[PDB]
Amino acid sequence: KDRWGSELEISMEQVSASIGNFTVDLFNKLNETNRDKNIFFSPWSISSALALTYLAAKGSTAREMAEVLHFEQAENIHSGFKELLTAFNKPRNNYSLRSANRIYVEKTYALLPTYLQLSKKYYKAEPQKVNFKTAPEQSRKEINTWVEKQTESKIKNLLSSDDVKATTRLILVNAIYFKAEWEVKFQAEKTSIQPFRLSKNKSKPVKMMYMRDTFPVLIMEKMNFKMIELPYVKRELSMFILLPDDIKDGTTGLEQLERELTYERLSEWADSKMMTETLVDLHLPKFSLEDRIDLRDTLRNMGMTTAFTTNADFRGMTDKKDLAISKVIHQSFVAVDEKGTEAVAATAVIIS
């Protein structure tokens, strides 16, 4: 029967589905303002940090978070996060994948022992006492140093001076690091400078990688796009790319795609039975992106409001109703080249 295995796979499916739904909702919200900019984030990192926060949440504070983060269909969302974390951190020798969580707490501020044992259980987050009251900069620096260590030195200064203050009582941090070679690597010899068209009337040079090989491709004629899967070693992870057939609008060529984007659509396309192995002439830019944002305003616009107010209820971790989220800092990095991809991010939920 293996009802234990079946249950835990359902748990994991719940969190994966939540993260997918949250990814599209978050992108759609970020896109409303930033229609013409690069966007890059780790929804795993954001959701993990906010799930560790959700663990402490009660009442309408919790209910709002569950709705925005899509935790509604789960009796124990924290179990799914635990099992996914365990899967990602499973020891291996063929590529790098790891994620970690940590609780930074004001040394004077006592947290409920139930919260700490559940945080350790589900998120492997250990509490570290720090002096926020009379040493914010020393506390900020040690946090940034941990994040630096988890991100292979790619995120060296996650928190700024404006983020950590004397009023800060708790900082819940997630980090994720990924680096893997492609299953089939590009030959640098075949890389050449080519135009990347930002629009019908604008282009810039990029180093364009090239290979001819076989990849899963979905051709969606009636929606004028194609999608390709680019496996990393052993196909345990892949990069999916969704490309409109041309630039057929007045901006990026993504207007229609972004208007019609849903997780339901994204999900069924990615695993479509019509996505099949196809010999392709693949041209892919060598590119890198960095991003940093305080998601507070974004999350409030999505419906997570109470958590950022004086009425916030985090009595899952404390007996005092004196805590509220001040900031949700997220920083990300990715580098795509001929050998593979490096991707890394961190999220700090700052509570005062």
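In this text, residue numbers run from 1 along the sequence as written.
Once the C-alpha B-factors are averaged per stretch, 125-133 and 206-214 rank with 125-133 first. Just going by the entry, 41-49 versus 307-315 on mean CA temperature factor gives the higher value to 307-315.
Take 235, 120, 154, 98 and read off each C-alpha B-factor from the entry; 154 has the highest. Of the residues listed, 270, 239, 280, 170, the entry assigns the biggest Cα temperature factor to 170.
Among the modelled residues of its chain, residue 348 has a C-alpha B-factor that falls in the middle third, as given in the PDB entry. When the CA B factors of the chain's modelled residues are split into thirds, the value for residue 222 lands in the highest one. Looking at the C-alpha B-factors along this chain, the one for residue 109 belongs to the highest third. Ranked by C-alpha B-factor against the other modelled residues of its chain, residue 90 falls in the middle third.
In this PDB entry, residue 144 carries a Cα temperature factor that places it within the highest third of its chain's modelled residues.
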